[PDB]
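**Student:**
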Amino acid sequence: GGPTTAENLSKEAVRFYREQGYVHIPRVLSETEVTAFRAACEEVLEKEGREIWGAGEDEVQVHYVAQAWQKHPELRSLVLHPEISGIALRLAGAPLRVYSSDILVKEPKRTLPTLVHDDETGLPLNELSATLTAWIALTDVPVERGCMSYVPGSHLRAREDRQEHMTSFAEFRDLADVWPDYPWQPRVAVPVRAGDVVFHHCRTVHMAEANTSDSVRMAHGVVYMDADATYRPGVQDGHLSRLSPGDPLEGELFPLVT
Ligand SMILES: O=C(O)CCC(=O)C(=O)O
Ligand SMILES: [Fe+3]
């Protein structure tokens, strides 16, 4: 029945994360915090407008707002939430910074599944080691509301079985061509309640269901990068125009997790 905090997080949960590449941590945010953070995200959606992850209006996987935490004063306290970010730190076992966050919405009956990938491939960064994502549920997410699934142990893939980095979208390859054994790997669906968080490593292969429920799904994805991460040109780097290749990502836009 009780909250999970950075302090009371079990050694078993940390071991599960290190071995499996993901972990479900329940009850990190209270009902009150969920309500306040969801409302702030709704304000950002209204003010910024959403973007489509997918191939146009008829092939929406996810509606999103990128660098989302920067776009509302109250969202700083989400990405640097003491429990969420403190748990991320314990799981990673190394110093972290906030890279970015996204508002991640799936509308009911109008979404495709989120196509399988690892996050490393689309991060415009060098020097990744312990980088991981906190996928924070701001609504309940039973399976059919667009829940996440993960391939256990896939973060430990050898180099030849990983794509690593896309400089441009022409480099896209089907995961089965990159990782021939992909289709014979188990796939774990992890439904969650609002306020729960699932963390996954930047090499963990993952995906999400279509939302075929009657209710909107909203999560908030926070990418916590290695604290000494540097800039590497790639797809998804439009907001990093002020940087040169190899420059460290530091300062107020990429704050240290303490
Ligand atoms: O919310 C989704 O459907 C996709 C999430 C995702 O890929 C991530 O958090 O890395
Ligand atoms: Fe992802």
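Per PDB author numbering, the very first residue in the sequence shown carries number 5; after that it's consecutive.
Note that beta-carbon positions come from the ideal geometry of N, C-alpha and C, so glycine has one too.
1. To the nearest whole angstrom, what separates the beta carbons of residue 145 and residue 196, a pair I think is in contact under 8 Å?
2. Compare the C-alpha of residue 18 against each of 165, 204, 259 and 218 and name the closest.
3. Whose CA, out of 50, 190 and 25, lies closest to the CA of residue 157?
4. Report yes if the C-beta of residue 234 is less than 6 Å from at least one heavy atom of ligand 1; otherwise report no.
5. Which runs of the beta strand (DSSP E) fall wholly inside the segment 180–227 and span at least 3 residues, in chain order?
6. Quick one: which unbroken alpha helix (DSSP H) runs of 4-plus residues sit fully inside the segment 49–88? Chain order, please.
7. Let's test the definition: count the other Cβ atoms within 10 Å of the Cβ of residue 263 and tell me whether it reaches 16, buried, or not, exposed.
8. Are the segment 90–106 and the segment 245–262 touching, with three or more C-beta to C-beta distances below 8 Å?
9. Check whether the Cβ atoms of residue 64 and residue 115 lie closer than 7 Å to each other.
10. Take the Cβ of residue 256 as the centre, count every other Cβ of all protein chains shown within 10 Å, and call the residue buried at 16 or more, exposed below.
11. Between which residues of its own chain and residue 48 is the CB-CB distance below 7 Å, once the five residues before and five after are set aside?
12. Would you mind giving the Cβ-Cβ distance between residue 150 and residue 221, rounded to the nearest angstrom? I have them listed as a contact below 8 Å.
13. Consult DSSP for residue 101 and reduce its assignment to one of helix, strand or coil.
14. Is the closest heavy atom of ligand 1 to the C-beta of residue 73 under 6 Å?
15. Looking at the unbroken alpha helix (DSSP H) that takes in residue 18, where does it start and where does it end?
16. Which of the three DSSP states, helix, strand or coil, is assigned to residue 42?
17. Check whether the Cβ atoms of residue 201 and residue 194 sit closer than 7 Å, and answer yes or no.
18. Which residues mark the beginning and the end of the beta strand (DSSP E) in which residue 118 is found?
**Tutor:** If we stick to the structure as given:
1. Cβ-Cβ separation between residue 145 and residue 196: approximately 5 Å, consistent with a contact (criterion under 8 Å).
2. 204
3. Residue nearest to residue 157 within the set 50, 190 and 25 is 25 (criterion: CA-CA distance).
4. no
5. 192–194, 201–205 and 210–212
6. 80–83
7. Outside the shown range of the chain, which is 5 to 262, sits residue 263, and nothing can be said about it.
8. yes
9. yes
10. exposed
11. 69, 72, 75, 76 and 107
12. 4 Å
13. strand
14. no
15. 15–24
16. helix
17. no
18. Per DSSP, residue 118 belongs to the beta strand (DSSP E) from 118–121.
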